[PDB]
Structure formats: structure tokens, C-alpha cells
């Protein structure tokens, strides 16, 4: 194992020769520990509050979920706590028959996903464009010396060696050299595996089960379309710590995509798979009585959560795992088959070739998140292969049948559920939703410290406009959104981001009129909206039924909420007076 990771550790140990030591009381049980060195503490025990959103959401000052979200611990203490809970475990090896079905399915699945698209290398110019369009990283990309280090590392990869590709459990911390090595490792991963994302291999059209690039505003419509397929209930089982359950067998199956690559691409992707996925060197902060140390650890399995290929590879493995579970529910795979090291291939290949694509269409898969509508309910108790592959469901005994839903509107997916609304004109909309306290709690969080009232107000406007576009059907959020937009100067451009979710298309990151953007998203560009008649007033943009809004957390009907609603122009004026003599519009 040291032959692949040795060079990386040597460079770290040499760079930190002053404080390098082997801490005898390191807490690592399933990860190989190499040593430690002193570091300045990274992270915070609490999150900074967005004063603009807080001032305009006074009734949520008395709400428990809002307080919890403001309490994210990212300090070395917090890092170690999560590590012990989840990360420091071993997944039992799947049985020989299970490994055979997984291999057959992975091979068939990669061929299916590659039917129209050819893998390709991604470029310095693409990486540069993505870094620029999103936004330290933008500065590194402009530096020619960053790219010469990338070239030097790439030459080692071509030789089957790695010198600087090290993953971090936290954030960035002589200082530009360590940062260039991190961003350079992300570039090389992007160059070799970025095609999965850049060329939309997991789009619904390409992958059948995937939803990559679809967007939050389409997810509900996709669940409603799956609901029309004849079969059993819709299942949406949560896996306990999916990334920790990715096995050596899963990684071997994922690597199969290299077979479809050109020789020059295959060499680079083979280097990413072998040196950074199947072997990894990780940095993790740890508090000590003396201060704070950085631990250097390694392992041969599990998924690195913050990697370019993580989303696509998790989606791939979950599509494979759910097809295997569907085969088991259908009686194609028995307990005897899973234990069998001489399992017959024939029935598996026949099911995949005749039913595979149809079975993929019964699913919505996004990383570890899945919804499956199997042909019948035998799937509920078909748990042998699911547990054996290591994808053990969260907070339920291993062998208790899964509970499915007979209404797509009750199905959890991507932290949301979806409602069908009827507009005043009779047209139907399918909208995303979640418990309201989660939406308000998140909008009240400002990421980082040392932010002016301007940057704070602009992030507040970004949240308000996200509510106008995605959660307009929630009475309190439409009201709060109108209040925030009335308090923030009309010409101020929303900055930073409301979410890192892959489903977010950030249509709210604009100073274009929100009703114009709403019509474009929900009417004009909506493929499930046959009648393109525009909505000319917010009065014609619908709400959830009052009862559903309350079931989803609305404060409508409470006296404190009626008080807030009555007194909102006052709070808006207070924000305006502190911002100054700028141009404001009254959205109330």
C-alpha cells in the first residue's frame, strides 16, 4: 500500500518537518494513520446570522429548527465528532454471488450510459470558465505557475505515481503552494472524470433514472410521471452514510467506464481511480491539549465526499444497486444465488437485456437519493442484496420491510416533497416544498464573517428571490420575500449563493423582474405546461391550500403571524433607514 501513497506522505512530512510527529493517542481505528503536525484552528462553533432576513422574519425568532441551523460546528472538535460517528467503520464484504450480479449489472449499465456519448478529457479552459463564472481560486487559475504544477503532477500520473493529490475533511488554510496542490488535484480529477458532469451522463434522457441538469422545478413533475407507470408503491429508502458504504467492489465496478475511453484519456482516468479513489491520503484536523493538529490518514475504500466524480459515481452505483434490488423483488435473485460463487450469468443478462431500461425508467436517482416504483410490492421485503451490497437503510432494523407510498406527493426526494397545485385558470403546476422552518432557518444564515450590510442584504435578496421562484406557494415565504425585496435596493444584484445543491439553477440570481422569471420557468420553458398563456399578476400565481401550507409548517392563522404581517412595512422601513438613501420599490 505504501508504494502508491508513500510519495504523498513524504512531501507532507518534509513540508512540515518542524512539527511532524506520530501521535500515539490518534483515534483512528479503520483508517491507517501516518502522522500529525501543528496547524492554526479552522472553522466555527456557530454560524453568522443574516440580520436583514432575521429582522423581516421576527415570528421565527421563537422557532427551534431556526436555532439548530445557526449551530453548525466546523471546528476540529466538530470534525472529529462526525469522523468517529460515521467515517471510522468497515463495510462487510459482499458475498460472491452478490459481487457477480453487481459486476454484470455495472458492465451492462456503463454500456447503456455510453450508447450515444463518448467519454472525453475536460480542459484547463473549461476548469477556468467554471471557476470564473461561479466566483483565491480565480487568482490561481490566472497564474501560469499553477498550471505548470498541474503539468508536473500529470506527468507523475502518466507514470502511475501521485505526489500531491490529497483530500481535506475541512476548508483551506507556503500557503498558496498547499492551495495550488489542492486545486491542482481537483483539476486533474476534473480533466479525467469531469465528462460525466460536463456531458450530462446522468441527465434523464441519457441515464433513464438520472435527474442531473433537470433542476428542482422539474423533480416533482418527474415523480408524477413515474407514478403513472403500472406497479407497486413508490419507495424512497435512505442509506445510512452512503459514502462510507462504497466498497472496494463498488470502486472496481465504477472504474469499468475507462474501457470506453481513448488511450490517452484511459491512462489519466486509470490514474485517478487507482491513486485517488482506490487509495487515498486524507488531511483531518484534531484538537489536542497542546492545541490543534492535522492528521494524515489513508484507506482503500469509501468515497471522498468533496470530489468531482462523487455525484456521478454515487448515482451510477445507486442505479446499479436499485436494479439488483428490483431483480431480487422479482425473484430473479435468491438467497442461494447471492451466496453462490458460480452464479449463472444467463438469467441476469436476460433480465437486463429485456427489462433493464424499462426498470431504470421506474426510478429517479440522484447520488444516494432514490425513488423506485417496482413492478409490485415484493420489492419492500427484497433486502438480501441491498444489505449485502452494504447499502444498509438508515434507522430501521435490517430486515424490516420498507414502507412505500401510494401517492407521489408524499414521496421524499432531494430534501423535498412535491405538491400539485391548481391555478385559478385550471392549469396545474407541480411544485417543490419542504418544512418551512428549514427554508427560513437556512435564509437566516450568512456563510462566513466580516460581511457589510450590502453583501448581507444581497444574500437576503438571493433567498427572497429563490422563495419567489420555487416556494411562492407558501404564504409566509411569499410575504417574507416581498418584504425582503422591498427593504433591499432594487438595483442591488443578489450575491453569494443560497445553496450548493446540484438541483439549483439559480434563476433568482438576477435583477430581472421576478414575475417575468416565474413565467419563464413555470410557463414558457416548462415542458409539462401545454398552455403557454402568461400569468400577468402575482394574484394569479397560486398558493398551496391553506391546510397543506399549515401541514408544511405555515404560521398562517397564528396571532403572532397576523401581527408580523400587519407590522411588516415598519420593519421594511427600519432596514431601509439603516441601508440609506438608495432606490427602493414597494412589493407589499
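Numbering follows the first chain given and starts at 1. Take the two forms, superpose them, and find the largest set of C-alpha atoms that agree within 1.5 Å; that set is the rigid core.
- In a rigid core superposition of the other structures in 5 other deposited structures of this protein, 445 to 453 and 318 to 326 differ in how far their CA atoms stray, and the farther one is 445 to 453.
- Farther from the shown form on average, by C-alpha root mean square after a core fit in 5 other deposited structures of this protein, is 175 to 183, of the stretches 175 to 183 and 193 to 201.
- For residue 336, the record comparison shows coordinates present in all the other entries of this protein that model its neighbours, with no third of them leaving it out.
- Across the other compared structures of the same protein with both neighbouring residues present, residue 258 carries coordinates in every case, with no third of them leaving it out.
- According to the entry, the deposited sequence has no residues without coordinates between residue 256 and residue 257, so the chain runs continuously there.
- In this entry, no coordinate-free residues of the deposited sequence separate residue 357 from residue 358.
- Between 294 to 302 and 390 to 398, the higher mean Cα B-factor belongs to 294 to 302.
- In this crystal structure, the stretch out of 275 to 283 and 192 to 200 whose C-alpha atoms carry the higher mean B factor is 275 to 283.
- The residue among 474, 428, 491, 442 whose C-alpha carries the highest B-factor in the deposited model is 491.
- As recorded in the entry, 46 carries the highest CA temperature factor of 46, 57, 526, 519.
- In the deposited entry, the Cα temperature factor of residue 34 sits in the top third of values across the chain's modelled residues.
- For residue 219, the recorded CA B-factor ranks within the lowest third of the chain. Only modelled residues enter the ranking.
- Residue 331 sits in the middle third of its chain by CA B factor, as recorded in the PDB entry.
- In this PDB entry, residue 167 carries a Cα temperature factor that places it within the highest third of its chain's modelled residues.
- Per the deposited record, the Cα B-factor of residue 532 falls in the lowest third when ranked against the other modelled residues of its chain.
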